[PDB]
Every structure is written in structure tokens, then in C-alpha cells.
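Colleague: The structure under discussion is supplied below as C-alpha cells; questions concerning it will follow.
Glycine also receives a Cβ, built like all others from the backbone with ideal geometry; neighbour counts cover every protein chain displayed. Each answer follows from the model by the rule given with it, or from the source it names; none is laboratory data.
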Protein chains: 2
Amino acid sequence: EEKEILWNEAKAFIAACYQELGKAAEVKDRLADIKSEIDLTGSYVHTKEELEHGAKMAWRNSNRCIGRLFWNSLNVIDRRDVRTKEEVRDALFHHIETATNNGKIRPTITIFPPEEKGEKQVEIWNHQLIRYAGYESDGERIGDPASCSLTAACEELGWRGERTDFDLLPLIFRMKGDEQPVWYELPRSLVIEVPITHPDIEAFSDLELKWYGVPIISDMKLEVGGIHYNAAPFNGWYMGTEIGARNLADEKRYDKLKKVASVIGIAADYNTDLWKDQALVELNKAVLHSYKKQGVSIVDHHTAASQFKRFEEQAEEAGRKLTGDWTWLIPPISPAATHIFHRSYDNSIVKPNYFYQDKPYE
Amino acid sequence: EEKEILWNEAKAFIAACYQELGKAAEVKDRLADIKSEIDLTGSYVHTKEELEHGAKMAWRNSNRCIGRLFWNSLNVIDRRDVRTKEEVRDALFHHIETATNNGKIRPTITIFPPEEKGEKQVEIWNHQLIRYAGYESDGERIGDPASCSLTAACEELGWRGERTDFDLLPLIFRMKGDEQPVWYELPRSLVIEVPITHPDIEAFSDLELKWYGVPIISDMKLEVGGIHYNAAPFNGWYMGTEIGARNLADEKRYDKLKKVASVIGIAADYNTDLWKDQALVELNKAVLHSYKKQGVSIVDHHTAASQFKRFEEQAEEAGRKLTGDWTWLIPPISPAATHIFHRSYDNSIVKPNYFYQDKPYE
Ligand code: HEM
Ligand code: HEM
Ligand SMILES: Cc1cc(N)nc(CCCCCO[C@H]2CNC[C@H]2Cc2cc(C)cc(N)n2)c1
Ligand SMILES: Cc1cc(N)nc(CCCCCO[C@H]2CNC[C@H]2Cc2cc(C)cc(N)n2)c1
Ligand SMILES: C[C@H](O)[C@H](O)[C@H]1CNc2nc(N)[nH]c(=O)c2N1
Ligand SMILES: C[C@H](O)[C@H](O)[C@H]1CNc2nc(N)[nH]c(=O)c2N1
Ligand SMILES: [Cl-]
Ligand SMILES: [Cl-]
């Protein structure tokens, strides 16, 4: 059934992909070659055109993503040729550099060799390529609590964090055949960070907040035509609310709202004063202002939602069904001020797509 | 099958209701009487205890409602005895007066005779007992656009609005047997309104905003044990966001955000300034402040969510499954700052409950 699962997905993908590429006539012949290769090898190999378009379709099908308007301009890097951990590291270093692009972020995905017998060739441990470490012991919380388990795993492997609130985690990944992953410190010259200041409130810098420039998801599986690319890190630029309303604001993350309240000079004593809402707004203004000032790409949730409306319109104009997860698409701030809040979305899974997979640690 | 639908719902309801009331032993006998009455009369009649508890269960089961902690203190008024339009009017007038309670709002439901053969005895046309009229003609929008169709229906029937932005709609309802509904102007001495001022910003009063004190939903059907109470208006007190983030803020309602932006002295030119978010917050602070100052009950979304958490805890402690609609339970402002945002809810329909029904007009 597994090989049958493969061939069925291949048939569906090649048909769709080639139709979109105006290569419909070449489907019959290509499917034959694939059919044979599966019979002989137990799998098949994507052409570079299929791989690139597959990765683009996969972004297009990501129900939780508000930024899908730009699916067709995804920059795809084909690293199916890597065999060594040095090559994997260098490819990850390169992805960070080219995606960052001096602040003018390029949505990029780097694609590593796919699973074979469900057997990974490269197993990435990071959730994102750039993220801050987290610590908890003896009442003291330091850094990003969402990073606590990975951080402790890294520190098993001989890495030691400086225990600032913003330690950059090393890259950590395991090669097929090795029992233990390896880790490499990120070159700081590769990592753009943005200090959070406020356009009007000078004391905001007293909070000494910052965030990294580029979110590069490295823990999802890209599935294209029955082929499982478990190692395929991808990035966009941030929507401000991800940083201001969640990473910095959540009680189980950096939990900064009371401190924000204090520096903007409002009491944090009464629910009816809406101090949390006010703090959220100013913190989010600060995030957008700070990124813009440093020349690092970012989008506000209003512009993003307007782009998403265009994505919806394009979909219908092209005759593609639109799928979406309403619960993730709405921004965590002023959701009812976007059109997304006022309609519904079909949450069906369409492939190609990006999927969660089990962590290799804890 | 219809009578069978009735008996099945009756069996389920009486069992559950009596179990909760510690009247389990009396189920067998009561179900017999009901079984007979259905055979003979084509329906059955609730005892006052069943009716009251049914209405309370129905609130408890309302998946979209954040304010369910107080389900068991619902004030139930039994008006199954009304036969005339004067009695219906007087009962509606009374509901407004006793629910308002000089600003100290009492969650109340008044229950009118139920449908018979699916035939209504009393057909209420209002969406809420107190609501503002809406007009649209020749480019000019006046009042609440959500009221446009009902307003035009009222004006067919000989009513004429003053065409301020806050005309109180008359009560409008039809009696079984009459071809046309009747309407009655609301006595203004019965209707508490709150002028919207801001605690810090004196110019906010220049907007000349107000809202009514008590939301009294009059267009839903209460269903209890297979009995359809189509006319059963109910009220709570407002959560501020309903007024500040929707009624006054929505583009398709009062659309006040630009005016709010101007009076609080911020530009409304750039998405990245988050002026809509800031305007939303100040408008919502104003709403809470204004209601509190006038001694009219209201709750902020933070306190409401804290109460809902207690509702969740009570449910589990009492062994009842909890049902909820995540998409309605999250507040439209700072949703991720409430616990609701961070969990999921089962959206199953449990009866008794309140249901939408078709409008009698347009
Ligand atoms: C170009 C800028 C982009 C923006 C502004 C953007 C925005 C977002 C946002 C706000 C989320 C919600 C995540 C959260 O709530 O934590 C999201 C989720 C997601 N985005 Fe995008 N995105 C972008 C590019 C991309 C790219 C390039 C891909 C992949 C090729 C992608 C795939 C996804 C996926 C798979 C999710 C769901 C992740 C999960 O379930 O954990 N997005 N996006
Ligand atoms: C005591 C104060 C109450 C508060 C603060 C409250 C709060 C809310 C809120 C915020 C909503 C969402 C409505 C919207 O988004 O427009 C809602 C919906 C609802 N509430 Fe409550 N509520 C209260 C009392 C009641 C009572 C007394 C009942 C009935 C006995 C009730 C039944 C419902 C129902 C049925 C809905 C959904 C209405 C619909 O689908 O249109 N609530 N409530
Ligand atoms: C590509 C991209 C662009 C952009 N602007 N923003 C993003 C954000 C990606 C969000 C992924 C992080 O999600 C975490 C934090 N909220 C829920 C949780 C979801 C999750 C769980 C697991 C097990 C893995 C995973 N990758 N993601 C990604
Ligand atoms: C009892 C109560 C207390 C409280 N604090 N708030 C409420 C608000 C009730 C909301 C009902 C109004 O809902 C309208 C506006 N948003 C969606 C729409 C839903 C709707 C549609 C229809 C056809 C009928 C109806 N009653 N409700 C009710
Ligand atoms: C139908 C569509 O999901 C719509 O935007 C919903 C979303 N959640 C909501 N939540 C509440 N409380 N009230 C509403 O009117 C709506 N509207
Ligand atoms: C799982 C639960 O619904 C949770 O609160 C969701 C809600 N919507 C979300 N939406 C976004 N964009 N990101 C998230 O992490 C979540 N979390
Ligand atoms: Cl992030
Ligand atoms: Cl309302």
C-alpha cells in the first residue's frame, strides 16, 4: 500500500503541477517514467521544475498562512545533493544570508534530500534556524520559555548558553547513520537583530527588548507528490503581531505587558482600564517602527490582511478552491478590523503542503 | 414522526432536568402524564419548575456565550398566559423595566406561549426590544445600518422615524390570526441610554456617541424538551467590546474609527501606525468608563473571560461536558490575552438551547 500511496500522490501532483505549468501534454510520458522508477527503485526523483513548483504550491496550500499572496515568488534552493554535515551547515548558513538579504528579506526555502524508507537523511532539531534559548531552574526564568527543552538538549551535547535573555541557539541537526546530532554556533555577522524602540516614547528602550529579523521554520515536513522532505527550512518576513502580540507578550513567552504598561506610563491595576490592550497596541507600534527604521522587512496585520484578500481574489479568478484556517488567519490584534474575521474558510488539507512532524528530542 | 420527535426530546429533557433538580424519582410518573397528554392533545405543558430550569439550561448550552457563569441565576418570567396584544406589549414593557433595574441589570427572560402546529401565537419582529433605526437613501446613511430592513418594514406600517442616528425602533409584533403586526413607541422613561465620554480625553464627547443600556434579544427561539418557544426575549448586560469594537466600530455599523482617531489626536493615514487598533482601544475604554459612571452594568472582556474560565471549571466539577464556539467566544479585542484564545472548544449543539429562526419580514 505504501508504494501505492506514493504512486497515487505522484499521479495527482504531476497532473496538477504540469497543468499549471502549461506542460499538460507531457504528463502521460512523465507518469510512465515515474511508474517505472517506483517499480524499480522504490521511489522517484523530482525534476527541478517540479520541486520548485511543488514548494510553491505547498505554501499556497498552507491554511494557517495570511501571507500567501506571494506564493509564486518563493525562492527555491535545491540542496538534494548534500551528503555531509559540513555541507548541511554551509547550506543553512547560506539560507540565512540570502534570505536576510541585508534586511530586504527574500522568502526562501532550502530543500534537503527526502526521507527514503521513512528514514531521514538529515534530521534538523531547531524549530527555527534563528531562535533564542530558554532556561528554567530554581525559580529563575531566563530567555524564551518555548526554547527550554531544545536548550536543555543542546546543553546535553556540550553546548553552554551565556544565559542572557537572548542567547542564539546553535544550529543542531543529525545525519543519517550518526547516533548524535552535531551543533554549530551561528556566526553573529549572519544574524540581523532589531532593538525595539518606540516612535514617541523614549523610555521604551529601557525595556532593552529585541527580536531577530528573519523567521526560518526548520521543523516541518514538505510533502510533494508523495515525497517526504522532512528537512526543508523556509522563511518569510514577520507580521508584526507575531512579535508584539505573542513572542514578547504571551505569559508563557517573554511576558512583557506589565513592563510595557509601566514605561508607557499607565497603571496595570484594573481590567476595565484595558491596560493590556493599550500596552499591546503600543508594543506593536514599537515593533513595526523598529523594523522599518532598521530596514528589515516586516508587514502590519492590516496590510497583510489586504494582501490576503487579493490572494483570495486571485484564487477564485484562477479557478482554484481557497482553503484556510480562520482561527490562525485572524490577527491576534483588532481581528474584527480585518475582512478575514467577517467570513469563513474551508479548512481542508490540500497537498503539496507543509506538515508538523515529531520532535527528535525529549 | 413529529409527535415522536416531541416525545423523544421530552424524555431526554425531563430526565436531565429532574436529575439536576434532585427529582429523579418523579421522572417515571411525569413521563407517563406527558406520554398521555401528547397522545391526547398533540403536545404537553411544562410545569413552572421545568420551564424555569429549561431556560437556564438553554443559556448554559449557548456555545457562543462568554457570560454563561451566571446561568443558574437567570430570572424567568412565565407569560404563557397572554392572549392579547395589549398583554404582550405590557409584558415587553415590564421586561425592559425589571431587567434594567435602574442600571443594575438583571438577566431576565420573559416566556410567551409556544408554537402549536408550528403555528406561532406571538410573532416578535424586533431583533432586540431596544435598538436604533437605520436609514439609507440617496447616498445618505442615518442610524444603524443593521436596522435598515426592519425600519423600512415599520415605516410601511405607518410608523415614521425622526431620522436622528439614534431613533428608538417601536416594539413590533404580530398576534396569531392577525394579518399585520402592531407597533408601539417605547416610553423613553423605560429606556436607559449612556452617553459615551472618555476618562482622559474631553473632546471625546464631541462625537456625541451613545448606546442603550440593555441588550434584549427578541428574535430567537427557546427550545425546551421539544417545545418551541419562538417568542422568548432574554437579556444580560453588555460586554464592552460588543459596543466599542462592533456596534460603534464596524464599517457596516456606526463606522466611528476615523472620528475616534481624530478626537484622540492621531493621524489615520498609515496602516503601520496601528491607528485603528489605538482608536479601538480608546473607544473601548470610553465605553466601559461611561457605563460605570452612569451606574449601568457592563463587563470588560478580561473579567468576562475570567468568569468564563470559572464556568469551564464548574462544568467539569459537576461532570457536564462543556461546549463552545471558539470563533464567537474570543473577544474582538486582544483575544490572545484571554485563556479562551489558547484552548479549543467542542461546538456540539446540546438542548435546551436558543436558536435562530426566519425573519417574518423582507
Ligand atoms: C512572506 C512573508 C510571510 C508572512 C508575513 C507570513 C505570515 C504568517 C503568519 C502570521 C502565520 C501564523 C503563524 C503564527 O501564528 O505563529 C503564518 C503561518 C504559516 N506560514 Fe506564513 N508567512 C509568510 C511566508 C511564508 C512562507 C515563505 C511559507 C512557506 C513556504 C509560509 C508557510 C506558513 C506555514 C506552513 C504556516 C503555519 C505554520 C505552523 O502551522 O506552525 N509562510 N504565516
Ligand atoms: C449576563 C451578561 C451576559 C453577557 C456579558 C453575555 C455576553 C455575550 C456575548 C459577548 C455574546 C456574543 C454576541 C456577539 O458577538 O454579538 C453572547 C452571545 C450570546 N449570549 Fe450571552 N451574555 C450574557 C447573558 C446572556 C443571557 C441571559 C442569555 C440567554 C438566556 C445569553 C445567551 C446568549 C446567546 C444565545 C448568544 C448567541 C446569540 C447569537 O447567536 O446571535 N447570554 N453573550
Ligand atoms: C515562514 C513564516 C513567516 C512568518 N511571518 N511567520 C512564520 C511563523 C511560523 C509559526 C510557527 C511557530 O508556531 C508555534 C508557535 N505557535 C504555535 C506553534 C505551532 C508549531 C508547533 C510545532 C510542534 C511545530 C511548529 N513548527 N509549529 C513563518
Ligand atoms: C443576552 C445578550 C447579552 C449580551 N451581553 N450580548 C448579547 C448579544 C447578542 C448578539 C446577537 C446579535 O448578533 C448579530 C450581530 N452579530 C451577528 C448577528 C447574529 C444574529 C443573526 C440573526 C439572524 C438573529 C440574531 N438574533 N442574531 C446578548
Ligand atoms: C461568521 C464570521 O465567522 C464572523 O466574523 C463571526 C466571527 N466571530 C464573532 N464573534 C462574536 N462574538 N460576534 C460576532 O458577530 C462574530 N462574527
Ligand atoms: C490552539 C488554539 O486554538 C490557539 O490559541 C491558536 C489560536 N489561533 C492562533 N493563530 C495564530 N496565528 N497563531 C497561533 O499560535 C494560534 N493559536
Ligand atoms: Cl516566531
Ligand atoms: Cl448589540
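Colleague: Among the residues of region A:266-308, write down those that are more than 8 Å from every other protein chain (Cβ to nearest Cβ), outside any helix (DSSP H, G or I), in contact (Cβ under 8 Å) with a residue 12 or more places away in the chain and of a type outside the set (A, V, I, L, M).
Modeller: Answer for region A:266-308, where residues must be more than 8 Å from every other protein chain (Cβ to nearest Cβ), outside any helix (DSSP H, G or I), in contact (Cβ under 8 Å) with a residue 12 or more places away in the chain and of a type outside the set (A, V, I, L, M): A:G295, A:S297.
Colleague: Out of B:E52, B:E140, B:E136, I need the residue that is more than 21 Å from B:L190 (Cα to Cα) and either assigned by CATH to the domain that holds B:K321 or touching a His at 6+ places or on another chain (Cβ under 8 Å) (or both). Which one? So that I can check it myself, show each step before the final result.
Modeller: On the way: B:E140 fails: either assigned by CATH to the domain that holds B:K321 or touching a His at 6+ places or on another chain (Cβ under 8 Å) (or both); B:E136 fails: either assigned by CATH to the domain that holds B:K321 or touching a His at 6+ places or on another chain (Cβ under 8 Å) (or both).
Just a single option satisfies the conditions, and that option is B:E52.
Colleague: May I ask you to say which residue of B:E86, B:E136, B:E97, B:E123 is crowded, with 16+ Cβ neighbours inside 10 Å and either acidic (D, E) or within 16 Å of ligand 1 (Cβ to nearest atom) (or both)? Please lay out each step first, then the result.
Modeller: On the way: B:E86 fails: crowded, with 16+ Cβ neighbours inside 10 Å; B:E136 fails: crowded, with 16+ Cβ neighbours inside 10 Å; B:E97 fails: crowded, with 16+ Cβ neighbours inside 10 Å.
After ruling out the rest, the residue left standing is B:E123.
Colleague: Quick check on my filter: what residues within region B:100-120 are polar (S, T, N, Q) and surrounded by fewer than 20 Cβ atoms within 10 Å (Cβ to Cβ)? If you could, list the steps in order and put the result at the bottom.
Modeller: From region B:100-120, those polar (S, T, N, Q) are B:100-102, B:108, B:110; that's our starting set.
Answer for region B:100-120, where residues must be polar (S, T, N, Q) and surrounded by fewer than 20 Cβ atoms within 10 Å (Cβ to Cβ): B:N101, B:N102.
Colleague: With respect to B:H342, determine if the residue is more than 14 Å from ligand 2 (Cβ to nearest atom), at the interface with another protein chain (Cβ under 9 Å from one of its Cβ atoms) and out of contact with any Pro (no Cβ under 9 Å at 6 or more places or on another chain). Steps first, answer last, please.
Modeller: Details: more than 14 Å from ligand 2 (Cβ to nearest atom): yes; at the interface with another protein chain (Cβ under 9 Å from one of its Cβ atoms): yes; out of contact with any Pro (no Cβ under 9 Å at 6 or more places or on another chain): yes.
Judged against the criteria, B:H342 is a match.
Colleague: To continue, here is another question. Quick check on this structure: which one of B:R64, B:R60, B:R106 is within 16 Å of ligand 8 (Cβ to nearest atom), closer than 29 Å to B:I298 by Cβ and away from every other protein chain (no Cβ under 14 Å)?
Modeller: Working: B:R60 fails: within 16 Å of ligand 8 (Cβ to nearest atom); B:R106 fails: within 16 Å of ligand 8 (Cβ to nearest atom).
Among B:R64, B:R60, B:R106, only B:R64 is within 16 Å of ligand 8 (Cβ to nearest atom), closer than 29 Å to B:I298 by Cβ and away from every other protein chain (no Cβ under 14 Å).
Colleague: Hey, another quick one. Please go through region A:203-240 and pick out each residue that is part of a helix (DSSP H, G or I) and over 15 Å from the mean Cα position of the chain (by Cα).
Modeller: Pass one, region A:203-240, residues part of a helix (DSSP H, G or I): A:203-207, A:240.
Listed by number, the residues that qualify are A:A203, A:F204, A:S205, A:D206, A:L207.
Colleague: Out of region A:181-230, which residues are in contact with a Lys or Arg (Cβ under 7 Å, 6 or more places away or on another chain) and within 21 Å of A:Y354 (Cβ to Cβ)?
Modeller: Those that are in contact with a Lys or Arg (Cβ under 7 Å, 6 or more places away or on another chain) and within 21 Å of A:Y354 (Cβ to Cβ): A:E223, A:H228, A:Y229, A:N230.
Colleague: Same structure again: Out of the residues in region A:212-226 that are within 16 Å of ligand 6 (Cβ to nearest atom) and within 27 Å of A:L257 (Cβ to Cβ), which is surrounded by the most Cβ atoms within 10 Å (Cβ to Cβ)?
Modeller: At the first step, the residues of region A:212-226 found to be within 16 Å of ligand 6 (Cβ to nearest atom) are A:215, A:217, A:219-220.
The next check asks that each one be within 27 Å of A:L257 (Cβ to Cβ); those that pass are A:215, A:217.
Working: A:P215: 21, A:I217: 16.
Looking at the filtered set, the residue picked out is A:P215.
Colleague: Do the conditions hold for A:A231, that is, is it over 28 Å from A:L92 (Cβ atoms) and either small (G, A, S) or within 16 Å of ligand 6 (Cβ to nearest atom) (or both)?
Modeller: Numbers: over 28 Å from A:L92 (Cβ atoms): no; either small (G, A, S) or within 16 Å of ligand 6 (Cβ to nearest atom) (or both): yes.
Criteria not met by A:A231.
This table checks each residue for (1) more than 14 Å from chain A (Cβ to nearest Cβ); (2) touching a helix residue (DSSP H, G or I) at 6+ places or on another chain (Cβ under 7 Å).
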residue: B:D219; (1), (2): yes, no
residue: B:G226; (1), (2): yes, yes
residue: B:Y229; (1), (2): yes, no
residue: B:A232; (1), (2): yes, no
residue: B:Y238; (1), (2): no, no
residue: B:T241; (1), (2): no, yes
residue: B:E251; (1), (2): no, no
residue: B:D255; (1), (2): no, no
residue: B:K258; (1), (2): no, no
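Colleague: Continuing with the same structure: Give B:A55, B:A24, B:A16 a once-over and let me know the one that is exposed (fewer than 12 other Cβ atoms within 10 Å of the Cβ) and within 26 Å of B:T323 (Cβ to Cβ).
Modeller: B:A24
Colleague: Would you tally the residues in region A:341-360 being among the aromatic types (F, W, Y), assigned to a loop (DSSP other than H, G, I, E, B) and surrounded by 13 or more Cβ atoms within 10 Å (Cβ to Cβ)? Working first, answer last.
Modeller: Of the residues in region A:341-360, the ones among the aromatic types (F, W, Y) are A:341, A:345, A:354-356.
Okay, now just the ones that are also assigned to a loop (DSSP other than H, G, I, E, B), so A:345, A:356.
Those still in the list that are surrounded by 13 or more Cβ atoms within 10 Å (Cβ to Cβ) too: A:345.
Matching residues across region A:341-360 total 1.
Colleague: Could you tell me whether B:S43 is more than 16 Å from ligand 4 (Cβ to nearest atom) and not in a helix (DSSP H, G or I)? Walk me through how you get there before you give the answer.
Modeller: Details: more than 16 Å from ligand 4 (Cβ to nearest atom): yes; not in a helix (DSSP H, G or I): yes.
So B:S43 passes the test.
Colleague: Any chance region A:301-312 includes a residue that's farther than 21 Å from A:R60 by Cβ and hydroxyl-bearing (S, T, Y)? Break it down into steps so the answer makes sense when it comes.
Modeller: The first filter runs over region A:301-312 and keeps only residues farther than 21 Å from A:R60 by Cβ, leaving A:302.
Pick out the ones that are also hydroxyl-bearing (S, T, Y) and you get none.
Among the residues of region A:301-312, not one is farther than 21 Å from A:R60 by Cβ and hydroxyl-bearing (S, T, Y), which makes the answer no.
Colleague: How many residues are touching a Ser or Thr at 6+ places or on another chain (Cβ under 8 Å) and within 14 Å of another protein chain (Cβ to nearest Cβ) if we restrict to region B:309-334?
Modeller: 6
Colleague: Separate question: Out of A:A32, A:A10, A:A16, which single residue is small (G, A, S) and either touching a residue at least 60 places away in the same chain (Cβ under 8 Å) or outside any helix (DSSP H, G or I) (or both)?
Modeller: Of the residues listed, the single one that is small (G, A, S) and either touching a residue at least 60 places away in the same chain (Cβ under 8 Å) or outside any helix (DSSP H, G or I) (or both) is A:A10.
Colleague: Looking only at region A:67-77, decide whether some residue is surrounded by 14 or more Cβ atoms within 10 Å (Cβ to Cβ) and closer than 18 Å to A:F173 by Cβ.
Modeller: yes
Yes/no per residue for (1) closer than 26 Å to A:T110 by Cα; (2) touching a helix residue (DSSP H, G or I) at 6+ places or on another chain (Cβ under 6 Å):
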site	(1), (2)
A:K23	yes, no
A:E37	yes, no
A:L40	no, no
A:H46	yes, no
A:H53	yes, yes
A:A58	yes, no
